[PDB]
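Data block below; observations after.
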Amino acid sequence: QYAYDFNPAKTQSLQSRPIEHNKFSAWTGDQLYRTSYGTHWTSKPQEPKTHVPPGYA
Amino acid sequence: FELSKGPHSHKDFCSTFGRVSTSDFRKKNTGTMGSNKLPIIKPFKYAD
Amino acid sequence: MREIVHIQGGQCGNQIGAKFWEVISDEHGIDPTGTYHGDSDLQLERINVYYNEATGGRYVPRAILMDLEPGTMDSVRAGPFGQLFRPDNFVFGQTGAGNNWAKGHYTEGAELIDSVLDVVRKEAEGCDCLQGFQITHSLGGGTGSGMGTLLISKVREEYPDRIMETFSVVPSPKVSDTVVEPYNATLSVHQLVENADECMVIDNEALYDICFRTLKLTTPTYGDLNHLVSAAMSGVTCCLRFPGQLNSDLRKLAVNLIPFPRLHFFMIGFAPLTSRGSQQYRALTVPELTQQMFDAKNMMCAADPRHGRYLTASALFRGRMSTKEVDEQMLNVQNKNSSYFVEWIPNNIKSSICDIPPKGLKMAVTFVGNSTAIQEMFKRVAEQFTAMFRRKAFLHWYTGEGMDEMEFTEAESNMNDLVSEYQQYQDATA
Amino acid sequence: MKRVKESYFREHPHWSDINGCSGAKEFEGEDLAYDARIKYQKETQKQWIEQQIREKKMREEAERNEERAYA
Amino acid sequence: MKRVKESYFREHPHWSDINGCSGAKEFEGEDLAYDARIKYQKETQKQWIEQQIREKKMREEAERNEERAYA
Amino acid sequence: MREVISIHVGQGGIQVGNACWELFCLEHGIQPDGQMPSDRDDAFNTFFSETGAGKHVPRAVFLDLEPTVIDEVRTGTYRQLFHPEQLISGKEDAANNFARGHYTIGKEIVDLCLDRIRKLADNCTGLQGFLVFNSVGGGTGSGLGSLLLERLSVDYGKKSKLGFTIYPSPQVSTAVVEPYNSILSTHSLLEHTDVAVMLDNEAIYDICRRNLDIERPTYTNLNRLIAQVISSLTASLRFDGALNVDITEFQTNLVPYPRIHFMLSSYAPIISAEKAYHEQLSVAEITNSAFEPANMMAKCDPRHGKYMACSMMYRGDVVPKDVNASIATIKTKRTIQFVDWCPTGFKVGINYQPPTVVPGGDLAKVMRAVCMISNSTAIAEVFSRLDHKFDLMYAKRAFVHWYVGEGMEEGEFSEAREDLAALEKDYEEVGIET
Amino acid sequence: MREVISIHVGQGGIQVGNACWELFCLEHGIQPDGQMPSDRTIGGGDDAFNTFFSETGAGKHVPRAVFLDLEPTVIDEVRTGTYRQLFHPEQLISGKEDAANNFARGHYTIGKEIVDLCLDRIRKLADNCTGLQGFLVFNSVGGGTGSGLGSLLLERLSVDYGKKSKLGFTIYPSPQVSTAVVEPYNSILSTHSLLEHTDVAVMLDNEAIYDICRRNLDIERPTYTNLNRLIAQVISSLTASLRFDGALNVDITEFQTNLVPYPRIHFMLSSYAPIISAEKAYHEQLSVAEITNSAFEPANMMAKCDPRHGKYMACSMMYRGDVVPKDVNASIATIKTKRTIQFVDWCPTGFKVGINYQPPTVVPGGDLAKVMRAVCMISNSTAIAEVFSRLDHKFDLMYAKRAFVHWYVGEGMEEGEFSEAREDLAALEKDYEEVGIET
Amino acid sequence: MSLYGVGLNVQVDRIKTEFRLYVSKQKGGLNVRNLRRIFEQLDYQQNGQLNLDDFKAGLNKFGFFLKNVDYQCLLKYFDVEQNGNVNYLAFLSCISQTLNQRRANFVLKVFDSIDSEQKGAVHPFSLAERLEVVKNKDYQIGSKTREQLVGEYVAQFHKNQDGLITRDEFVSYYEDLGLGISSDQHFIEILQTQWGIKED
Ligand SMILES: Nc1nc2c(ncn2[C@@H]2O[C@H](COP(=O)(O)OP(=O)(O)OP(=O)(O)O)[C@@H](O)[C@H]2O)c(=O)[nH]1
Ligand SMILES: Nc1nc2c(ncn2[C@@H]2O[C@H](COP(=O)(O)OP(=O)(O)OP(=O)(O)O)[C@@H](O)[C@H]2O)c(=O)[nH]1
Ligand SMILES: Nc1nc2c(ncn2[C@@H]2O[C@H](COP(=O)(O)OP(=O)(O)O)[C@@H](O)[C@H]2O)c(=O)[nH]1
Ligand SMILES: [Mg+2]
Ligand SMILES: [Mg+2]
């Protein structure tokens, strides 16, 4: 009753599917994230520092 | 101490990036897959 | 984990590989964009045998396409399922083969094989545990038979333990598709007999017979012919990708089919094959499958196996079936045809079972048999070759690259003693 | 150093509990709490196993998400 | 192993049940309920036979539907 | 306090172990998850072990070189049951090559199994012995099987080892090179197995076709029948009975000599429920069917030989006075003849637990069953048939390059034939009347 | 009233001290800010923390530790993180220029301007303590400043204090896996230095613990954090008896009195049990018998060395949890019964057993499982000659033609040091072979 | 396996019968009506949708175990709206026998003997009295708390707003019980003995 089709589930190509937008930083929620400390108590990048001890260099 | 190795092993000279005539060719039976000839027999013990 | 890499060369090799990868992708439910859209879990556990993985969860075949002219790979890239292949896996020249074995083996392939050997070397080490290689090429052409055999020798020098399986389209002179094909055919077999572990010859005349007498379709095309080879190509490794009652891989089939090392030339056949106007009357049962499987006209070679004795045979069943009939039918056919099997080995048929049938079918089978009747095609090629070589016709094209007649003389003998030794086992008695 | 528990499970009894024990007939080393203690220990172990399995599953999903974003 | 039952059918009797048996006059091996026990066992066997026959017939029909669909 | 450890090697061993461990879990009430359903008799100590935190884990090890069948055990309904590290799998199959699975890829994996075995043995206190399952006509079945038994002999020694091998059928089989690895296996297990049982497949096909009324049997049907033999054999180790017989009380009453330990089994009643509606299933008749040569589980005819010893076990509602009457009738019939130097040759045990039925199975539920283990001189015929097939093919030196090229010397076959050849000579000499 | 001072040098020492101190703080219930949580208002008894911490007279506790390095990045990271309020500001000594994988730089040129400050801080920590058991020192040995400062500190402490005990948890290079290309040189020199100045040495190469994490913990991509956590667990099990009640107590002094047959022989390897992931943690019952059987497993040795190749001299095992002495004795009898483990001729009894009641603590985000029983092993055997023997060949290959020797010579070290270091190493090898033979 | 065309239809049918034997084999307290009650707890919002993980938990808690590939087969067939959640209500609507015609006779005749008022609704207390009389011969007519104390024999089913037992639910409760017993004769044996009425 009908021939053989190739594409299943009707997956439209990303070529025409919408357009680019500002999600270039999708992964970089943890890209400046330090693990020497870190991965020890937190999973997010450290907050900006406000206090330092003597000889902080 | 020895660790004799069989089929695959893990050491080779130039496995990853090896590469840097008409007179010579495979003559009759130097290939592994040919040469229907077999070595000599030994008694064996199996008693150990 | 016992994955195999696929390498093909030449126009015939590329066309066959094009249809084969389409068949496998449908089996594992891979869309033309490389995204898995399967429905069960059995279609994903063993996807690493033929497919790699990249970012985004897409799978790319570990296939390598080589040619001396990008004309053939030009058509395969624009067809369906053409975006699956890696762009870096295409290696090509800019001159052409010239239907000359010497050009494809000494002056063009030799300077070109450095790049492709790098590509296959990268694939071989990347995989977890390489299981072997498979080859699809034609012996009647220049770049396929010439550069293909050189790569066979080069690969064997670095992986002497891995298996090597080939699909050769040996020329039947009825399709005199190349006036100089006897030269290439006899030179390729001599190179092939020393390195290739398993060989499966394919003839276009046999394929035309199947499409005409069995399928009863009016207008055959290379699309249909290439699909017949592809269906048999997946059957030999189907049990490796899916569970079954008995498991069997390329090594197991080889171990149970080759009595002596020089005797590694087989013939293949596929069943069931029925026409549109004739499957309304046929019933789908195991006895029907084994009836068509052993039929002489169903073989994919010009050699008729009723003129010789089956040295050994192998059968691979697909689908849910009872083991008793599988073992019973093989015994039954072996007793009623005692003249067609060599006598100094009892029960010379191997059976294997897989639970996943091809899509759209409930049962299937693939036949691989080592029969002594294949010597008749070597005899026909050799006698044609010695007729042409006596008068030194077309010789200056091959000798122009430094090739000497001594290699031609050695090619005759190694083919000659192959026929002589392969014939006396038909007359051997216990 | 310290020895304040005669065993990890039971502590030193109150002085009123040892009414006799001059004649060796009551020894208090015969348990009578062994079977129930072992049984209870079984579930107390199983709860910890479940908690750790759930925690590691959460960690694995969190690991997967970042790769999914990098794609 | 152990022997806690005199026979498969009867267990050990109550201590008050064995009032005499010092002189050999009662043996509890004479049954006197043998025929009734066998008669009841017959029906217990028949029930299992009928149940398993029904299960096998259902399995056969389920198997036939397979070919019915593929055709 | 009394335990056994089961060894499963090869596809045949593992796939049989699936049927056996399905029965044991259901017989003792164990869930596929490993937990006790009932609120609730330490009868599970023989096969299962209390791992403390809830569940129960079996005392079994699965060995294979191809991970295809192993993955099913890790994916099937019993995934949560078995310990993750007691299912040992390789990467490459032996590919029907005895030499491959005995000299090249045997050392790389036999060490892992030995480590696993030691930990299981240290758990047991009164370990009775080992049970091994292997397919002789296979690569890793014959290859690793010989290597394990050779290594197990010096690791433990006096501990008993029992074996349930699967020799090829007289004519019907799968592989074509199976005579080669069948001869070499027997040449090993003769001097390393205390008791061996023949379990060729063709006999089981006939039983299912004749009795169960099945026109399309499958390996699942065969494995369920074999698991019944194992359960009845070891039933007396965990269930009360009038007469108890242990593993140690087999070779003390069933092997006349250390060299003769090859046996053939039988089981009864084997009947479908449709025709069980008519027969009366008495004690006297089920033991008569156990002696029928057509019902024997190995394709051998005892009418061609003498019975040396005969061990037979009852389970259900049997009464010892009924058993004694049946034995008298068996001795009466002339077509069953015992060896001269065995005036009494029966060892009888009785268990009270009736046989259990697997849902979806085909055997009928009954209150009586008897299992037969017989030692007879008729078993020398299967070795003679195997000798003829091997010598016939070895005459032209076929398939031998694939054995020489793996480090195996060519002299294996010459001594394997000599080792087998002497075996028939011993078996015929025993049966000669004085 | 009993104290131990921890000395951390080099990147490896600091990165293992971080895990050790987070584990100790969580074990004793001290928040990273240095004080107990405000929820528990019942006053306070305890005082078991006194071994590791010290009350400052106003609130918080201060560890009895000191950190040392010549490259300031790691120390700045320590003083920037959430533990910045815990450690004393000027017991984290940091230099300016790192030794850069050069033993001569770390021993003759740069370390002499920081050893004085280090010893001043050590005195300031020691005078506070009254029952000092000894010093624990951690160091990665294949690193320049690590080995050099470790050597200099041990040399100076051997004369500043004398009979005070010192324990060294060194990390020797793995047989084939390594990071640097020049580490045999300073490894040999440091071996010479610590032969005559350490009371007990523990082998802690990285390949063995990688294997432990891969096989047991089922982690395909381990990182140094897991290694440090395991080593911290080992240290905690070792020092637990000093600060908790137990049925059988062992002090620091009862290691060098029941494990050291002769003064020259003080090199030994450790192991731990059980190390099992939560997917299969208590799907095996982990009784005392099987945990002590696994403690003897050669693959579980925390150093890459097989005891089957040699004879055992002495054993020291510490149990923590709910173990029982009768079960311990039964396990000891079974171990002695086993034949694949054999002891030296002149040691009929070779086990010293200690029992503690405090169960091991678990750190959030860890890999191990919460267990009620655990065993830690410190064993001395003749098989330890393997690491010296295989390390000998590596040095000779690259020293036969004076590779990299100019780097060391130009920093003020005499050329003749290499030959004498090799001679001392060879003399050490001869001792272990001669002791093990039967009379 | 290979659930491409009619393979999906035949693969589910294997599970339909495999569930039936498991419920039939136990023969005891396990009832299919517990499945609908145990799924309502996991449904939370009475949506009627359950994901694979919660669906597996309910079946395993009941004691029914299948393979991983088997569970995927059920999800594909029974996900009508393609949201990744199986319909347990649809699943329970299947694998449920209607009830045989001969079984209908006993179910109705037992109801009709008790329902002598012809209204078609039976007071639940009347069931409690007759269920205890057939069990004990010394129950006696008078009881202190005959309503609540003996009422534990009933209320396993549900009633209408009036509190009277509807005949439609009267047969609905008995048909679901007719899944754990595959022996029609045993179904005869249980009903005639426990209710004291035998006529066929
Ligand atoms: N009775 C019985 N025999 C089996 C079963 N499965 C496999 N076999 C036997 O196994 C033999 C072939 O070996 P395989 O089971 O395929 O695998 P193997 O024995 O481990 O040898 P390899 O293929 O090298 O791994 C056949 O001849 C069968 O007789 C089974 O389920 N039941
Ligand atoms: N187990 C473990 N080993 C470490 C760790 N950090 C460094 N190492 C080892 O230390 C060796 C190098 O020495 P480092 O400690 O990194 O550096 P260093 O001691 O400060 O010496 P310099 O590089 O000159 O500053 C490496 O080969 C590692 O094997 C760690 O955190 N854990
Ligand atoms: N079965 C099959 N055979 C083919 C196909 N294309 C070419 N051939 C055969 O290949 C032979 C010529 O091979 P050729 O193109 O010269 O190979 P090449 O030189 O390597 O490119 C002819 O005899 C054809 O019959 C194809 O698509 N299918
Ligand atoms: Mg196999
Ligand atoms: Mg540094």
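Each chain in the structure tokens gets a letter, A, B, ..., in the order shown, and its residues are numbered from 1; ligands are numbered from 1 in order too.
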
Q.
Using only C-alpha atoms and a distance of at most 10 Å, pull out the residues of chain D that contact chain C, as a PyMOL selection string.
A. chain D and resi 67-71

Could you save the residues just selected, with C-alpha atoms, as a tab-separated table (two decimals), in the first residue's frame?
```tsv
chain	number	residue	atom	x	y	z
D	67	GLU	CA	28.35	15.73	29.42
D	68	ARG	CA	24.84	16.05	28.00
D	69	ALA	CA	25.24	19.84	28.20
D	70	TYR	CA	28.73	19.85	26.67
D	71	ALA	CA	27.31	18.04	23.64
```

Q | Within 7 Å of chain G: residues of chain D, using only C-alpha atoms, as a PyMOL selection string | A | chain D and resi 1-4+8+48-49+52-53

(Q) Taking 3 positions as the minimum chain separation for residues in the same chain, which residues sit within 7 Å of residue 264 of chain C when counting only C-alpha atoms? Answer as a ChimeraX atom specification. (A) /C:197-199,258,261

Q: Name the residues in contact with segment 35-47 of chain B at a cut-off of 6 Å, using only C-alpha atoms, excluding same-chain residues fewer than 6 positions from it; report them as a list in words.
A: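 Those residues are residues 29 of chain B; 410 and 411 of chain F.
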
Please save N, CA and C atoms of the selected residues as a PDB file, in the first residue's frame.
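Written output follows (part-v4.pdb):
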```
ATOM      1  N   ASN B  29      54.875 -21.186  -0.811  1.00  0.00           N
ATOM      2  CA  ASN B  29      54.207 -21.597   0.418  1.00  0.00           C
ATOM      3  C   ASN B  29      54.741 -20.871   1.648  1.00  0.00           C
TER       4      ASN B  29
ATOM      5  N   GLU F 410      51.856 -33.319  19.079  1.00  0.00           N
ATOM      6  CA  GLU F 410      51.065 -34.259  18.296  1.00  0.00           C
ATOM      7  C   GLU F 410      50.911 -35.604  19.001  1.00  0.00           C
ATOM      8  N   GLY F 411      51.768 -35.903  19.975  1.00  0.00           N
ATOM      9  CA  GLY F 411      51.706 -37.167  20.682  1.00  0.00           C
ATOM     10  C   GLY F 411      50.555 -37.313  21.652  1.00  0.00           C
TER      11      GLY F 411
END
```

Q) Counting only C-alpha atoms and all ligand atoms, what residues are within 7 Å of ligand 4, given as a list in words? A)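 Listing the residues within 7 Å of ligand 4 gives residues 246, 247 and 248 of chain C; 10, 11, 66 and 93 of chain F.
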
Q: For chain G, list the residues within 12 Å of chain F, counting only C-alpha atoms, and write the list as JSON, numbers by chain.
A: {"G": [215, 216, 218, 276, 277, 279, 280, 281, 282, 283, 284, 285, 286, 287, 288, 289, 290, 291, 292, 293, 294, 297, 298, 299, 331, 334, 335, 338, 339, 340, 371]}

Okay, now the selection with N, CA and C atoms, as a compact mmCIF listing (two decimals), in the first residue's frame?
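Okay, part-v2.txt is ready:
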```txt
# COMPACT_ATOMS: atom_id res chain seq x y z
N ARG G 215 39.55 -2.84 41.10
CA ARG G 215 38.98 -4.17 41.28
C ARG G 215 37.84 -4.16 42.29
N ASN G 216 38.04 -3.51 43.43
CA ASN G 216 37.09 -3.61 44.54
C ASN G 216 36.06 -2.49 44.52
N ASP G 218 35.23 -0.56 42.23
CA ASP G 218 34.53 -0.49 40.94
C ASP G 218 34.47 0.95 40.43
N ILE G 276 35.02 -2.52 49.91
CA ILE G 276 34.02 -3.05 49.01
C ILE G 276 32.99 -1.97 48.72
N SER G 277 32.59 -1.85 47.46
CA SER G 277 31.58 -0.88 47.07
C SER G 277 30.20 -1.29 47.57
N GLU G 279 27.38 -1.60 46.11
CA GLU G 279 26.57 -2.52 45.31
C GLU G 279 26.75 -3.95 45.77
N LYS G 280 27.93 -4.30 46.27
CA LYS G 280 28.17 -5.64 46.78
C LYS G 280 28.75 -5.62 48.19
N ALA G 281 28.55 -4.53 48.94
CA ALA G 281 29.17 -4.40 50.25
C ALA G 281 28.69 -5.49 51.20
N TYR G 282 27.41 -5.45 51.56
CA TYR G 282 26.83 -6.44 52.45
C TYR G 282 25.91 -7.40 51.73
N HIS G 283 26.19 -7.69 50.46
CA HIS G 283 25.75 -8.92 49.83
C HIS G 283 26.79 -10.02 49.98
N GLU G 284 27.86 -9.72 50.71
CA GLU G 284 28.69 -10.70 51.40
C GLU G 284 28.72 -10.31 52.87
N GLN G 285 28.66 -11.31 53.75
CA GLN G 285 28.35 -11.03 55.16
C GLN G 285 29.45 -10.28 55.89
N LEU G 286 30.68 -10.28 55.37
CA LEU G 286 31.80 -9.56 55.97
C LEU G 286 31.95 -9.87 57.46
N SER G 287 32.01 -11.15 57.77
CA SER G 287 32.32 -11.56 59.13
C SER G 287 33.81 -11.33 59.40
N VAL G 288 34.18 -11.43 60.68
CA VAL G 288 35.56 -11.20 61.08
C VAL G 288 36.48 -12.22 60.40
N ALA G 289 36.02 -13.46 60.27
CA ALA G 289 36.84 -14.49 59.64
C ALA G 289 37.19 -14.12 58.21
N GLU G 290 36.20 -13.70 57.42
CA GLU G 290 36.52 -13.42 56.03
C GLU G 290 37.23 -12.08 55.86
N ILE G 291 36.98 -11.10 56.74
CA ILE G 291 37.73 -9.86 56.60
C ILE G 291 39.20 -10.08 56.94
N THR G 292 39.49 -10.92 57.94
CA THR G 292 40.89 -11.21 58.24
C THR G 292 41.50 -12.16 57.22
N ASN G 293 40.69 -12.96 56.52
CA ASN G 293 41.22 -13.75 55.41
C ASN G 293 41.57 -12.85 54.23
N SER G 294 40.74 -11.84 53.97
CA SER G 294 41.01 -10.91 52.88
C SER G 294 42.16 -9.97 53.21
N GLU G 297 45.18 -11.37 51.64
CA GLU G 297 45.18 -11.63 50.21
C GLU G 297 46.30 -10.84 49.54
N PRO G 298 47.15 -11.49 48.73
CA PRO G 298 48.27 -10.77 48.12
C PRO G 298 47.85 -9.62 47.22
N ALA G 299 46.70 -9.73 46.55
CA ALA G 299 46.26 -8.65 45.67
C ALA G 299 45.79 -7.43 46.44
N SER G 331 40.31 -17.10 64.03
CA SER G 331 40.85 -16.64 62.76
C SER G 331 42.36 -16.79 62.70
N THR G 334 43.17 -20.40 62.08
CA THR G 334 42.95 -20.76 60.68
C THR G 334 44.07 -20.23 59.78
N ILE G 335 44.49 -18.98 60.01
CA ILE G 335 45.56 -18.40 59.21
C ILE G 335 46.85 -19.19 59.38
N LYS G 338 46.62 -22.37 57.33
CA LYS G 338 46.82 -22.24 55.89
C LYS G 338 48.30 -22.35 55.53
N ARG G 339 48.58 -23.08 54.45
CA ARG G 339 49.95 -23.41 54.07
C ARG G 339 50.58 -22.38 53.14
N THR G 340 49.79 -21.72 52.30
CA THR G 340 50.35 -20.74 51.37
C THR G 340 50.94 -19.53 52.08
N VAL G 371 30.48 0.19 57.64
CA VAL G 371 30.75 -1.16 58.12
C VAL G 371 30.81 -1.15 59.63
```

May I ask you to extract the residues of chain F within 7 Å of chain C, using only C-alpha atoms, and to give them as a PDB file with N, CA, C and O atoms, in the first residue's frame?
```pdb
ATOM      1  N   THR F  68      28.571 -14.168  26.164  1.00  0.00           N
ATOM      2  CA  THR F  68      27.221 -14.056  25.623  1.00  0.00           C
ATOM      3  C   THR F  68      26.197 -14.710  26.541  1.00  0.00           C
ATOM      4  O   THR F  68      25.170 -14.104  26.870  1.00  0.00           O
ATOM      5  N   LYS F  91      36.886 -13.192  27.272  1.00  0.00           N
ATOM      6  CA  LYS F  91      36.623 -12.332  26.125  1.00  0.00           C
ATOM      7  C   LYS F  91      36.587 -13.078  24.802  1.00  0.00           C
ATOM      8  O   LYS F  91      35.873 -12.661  23.888  1.00  0.00           O
ATOM      9  N   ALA F  95      36.443 -21.801  20.639  1.00  0.00           N
ATOM     10  CA  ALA F  95      36.132 -22.128  19.247  1.00  0.00           C
ATOM     11  C   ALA F  95      36.370 -23.611  18.953  1.00  0.00           C
ATOM     12  O   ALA F  95      37.109 -23.982  18.039  1.00  0.00           O
ATOM     13  N   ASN F  96      35.719 -24.457  19.753  1.00  0.00           N
ATOM     14  CA  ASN F  96      35.720 -25.909  19.563  1.00  0.00           C
ATOM     15  C   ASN F  96      37.131 -26.487  19.515  1.00  0.00           C
ATOM     16  O   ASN F  96      37.365 -27.514  18.874  1.00  0.00           O
ATOM     17  N   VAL F 172      23.920 -38.262  16.106  1.00  0.00           N
ATOM     18  CA  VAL F 172      23.452 -36.885  16.007  1.00  0.00           C
ATOM     19  C   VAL F 172      24.300 -36.000  16.910  1.00  0.00           C
ATOM     20  O   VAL F 172      24.534 -36.326  18.079  1.00  0.00           O
ATOM     21  N   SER F 173      24.781 -34.888  16.362  1.00  0.00           N
ATOM     22  CA  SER F 173      25.577 -33.944  17.135  1.00  0.00           C
ATOM     23  C   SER F 173      25.627 -32.618  16.392  1.00  0.00           C
ATOM     24  O   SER F 173      25.111 -32.481  15.281  1.00  0.00           O
ATOM     25  N   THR F 174      26.261 -31.635  17.031  1.00  0.00           N
ATOM     26  CA  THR F 174      26.372 -30.289  16.481  1.00  0.00           C
ATOM     27  C   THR F 174      27.691 -30.072  15.747  1.00  0.00           C
ATOM     28  O   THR F 174      27.697 -29.768  14.551  1.00  0.00           O
ATOM     29  N   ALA F 175      28.814 -30.231  16.444  1.00  0.00           N
ATOM     30  CA  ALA F 175      30.119 -29.934  15.878  1.00  0.00           C
ATOM     31  C   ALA F 175      30.617 -31.100  15.028  1.00  0.00           C
ATOM     32  O   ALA F 175      30.040 -32.191  15.016  1.00  0.00           O
ATOM     33  N   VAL F 176      31.706 -30.865  14.300  1.00  0.00           N
ATOM     34  CA  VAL F 176      32.302 -31.894  13.459  1.00  0.00           C
ATOM     35  C   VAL F 176      33.656 -32.356  13.979  1.00  0.00           C
ATOM     36  O   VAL F 176      34.090 -33.462  13.622  1.00  0.00           O
ATOM     37  N   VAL F 177      34.333 -31.557  14.800  1.00  0.00           N
ATOM     38  CA  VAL F 177      35.635 -31.902  15.354  1.00  0.00           C
ATOM     39  C   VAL F 177      35.502 -32.430  16.779  1.00  0.00           C
ATOM     40  O   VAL F 177      36.503 -32.583  17.485  1.00  0.00           O
ATOM     41  N   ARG F 216       8.208 -30.931  19.663  1.00  0.00           N
ATOM     42  CA  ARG F 216       9.228 -29.903  19.458  1.00  0.00           C
ATOM     43  C   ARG F 216       9.951 -29.621  20.769  1.00  0.00           C
ATOM     44  O   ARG F 216       9.798 -28.546  21.359  1.00  0.00           O
ATOM     45  N   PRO F 217      10.754 -30.565  21.252  1.00  0.00           N
ATOM     46  CA  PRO F 217      11.526 -30.316  22.472  1.00  0.00           C
ATOM     47  C   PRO F 217      12.661 -29.338  22.217  1.00  0.00           C
ATOM     48  O   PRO F 217      13.089 -29.110  21.084  1.00  0.00           O
ATOM     49  N   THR F 218      13.149 -28.753  23.306  1.00  0.00           N
ATOM     50  CA  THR F 218      14.209 -27.760  23.268  1.00  0.00           C
ATOM     51  C   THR F 218      15.141 -28.030  24.445  1.00  0.00           C
ATOM     52  O   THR F 218      14.806 -28.787  25.359  1.00  0.00           O
ATOM     53  N   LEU F 392      38.847 -43.322  12.747  1.00  0.00           N
ATOM     54  CA  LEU F 392      38.447 -43.158  11.354  1.00  0.00           C
ATOM     55  C   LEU F 392      38.896 -41.810  10.803  1.00  0.00           C
ATOM     56  O   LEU F 392      39.394 -41.728   9.674  1.00  0.00           O
ATOM     57  N   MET F 393      38.731 -40.741  11.583  1.00  0.00           N
ATOM     58  CA  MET F 393      39.092 -39.410  11.108  1.00  0.00           C
ATOM     59  C   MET F 393      40.576 -39.112  11.281  1.00  0.00           C
ATOM     60  O   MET F 393      41.161 -38.409  10.450  1.00  0.00           O
ATOM     61  N   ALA F 398      43.413 -35.149   9.842  1.00  0.00           N
ATOM     62  CA  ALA F 398      42.595 -33.975   9.581  1.00  0.00           C
ATOM     63  C   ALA F 398      42.469 -33.117  10.834  1.00  0.00           C
ATOM     64  O   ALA F 398      42.492 -33.620  11.960  1.00  0.00           O
ATOM     65  N   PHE F 399      42.360 -31.804  10.619  1.00  0.00           N
ATOM     66  CA  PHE F 399      42.105 -30.830  11.679  1.00  0.00           C
ATOM     67  C   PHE F 399      43.229 -30.770  12.707  1.00  0.00           C
ATOM     68  O   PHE F 399      43.095 -30.091  13.729  1.00  0.00           O
TER      69      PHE F 399
END
```

Q: Show which residues sit within 12 Å of segment 4-8 of chain B, as an MDAnalysis selection string. Count only C-alpha atoms, and ignore same-chain residues fewer than 2 positions away.
A: (chainID B and resid 1:2 10:12) or (chainID C and resid 129:131 158:163) or (chainID F and resid 91:92 94 100:108 405:407)

Q: Would you mind listing what lies within 9 Å of residue 255 of chain F as a ChimeraX atom specification, with only C-alpha atoms counted and same-chain residues fewer than 2 positions away left out?
A: /F:194-195,250-253,257-262,308-309,375

Q) Any idea what's packed within 7 Å of segment 22-30 of chain C, counting only C-alpha atoms, ignoring anything in its chain fewer than 5 positions away? Could you give it as a list in words? A)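 The filter keeps residues 35, 36, 37, 38, 43, 81 and 230 of chain C.
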
Q) Got a sec to pull out which chain G residues are within 7 Å of chain A, counting only C-alpha atoms, and send them as a PyMOL selection string? A) chain G and resi 76+81+89

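Each residue with an atom within 6 Å of any atom of ligand 3 appears in the list, which was built counting only C-alpha atoms and all ligand atoms: residues 10, 11, 12, 15, 16, 99, 138, 140, 141, 142, 143, 144, 177, 204, 222, 225 and 226 of chain C.
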
Q: For atom CA of residue 45 of chain D and atom CA of residue 375 of chain G, determine how far apart the two atoms are, in Å to one decimal place.
A: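 Calculated distance between atom CA of residue 45 of chain D and atom CA of residue 375 of chain G is 18.4 Å.
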
Q: Around ligand 5, at most 8 Å away and counting only C-alpha atoms and all ligand atoms, which residues are there? Put them as a list in words, please.
A: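 Those residues are residues 10, 11, 69, 70, 71, 98, 99, 100, 101, 143, 144, 145 and 146 of chain G.
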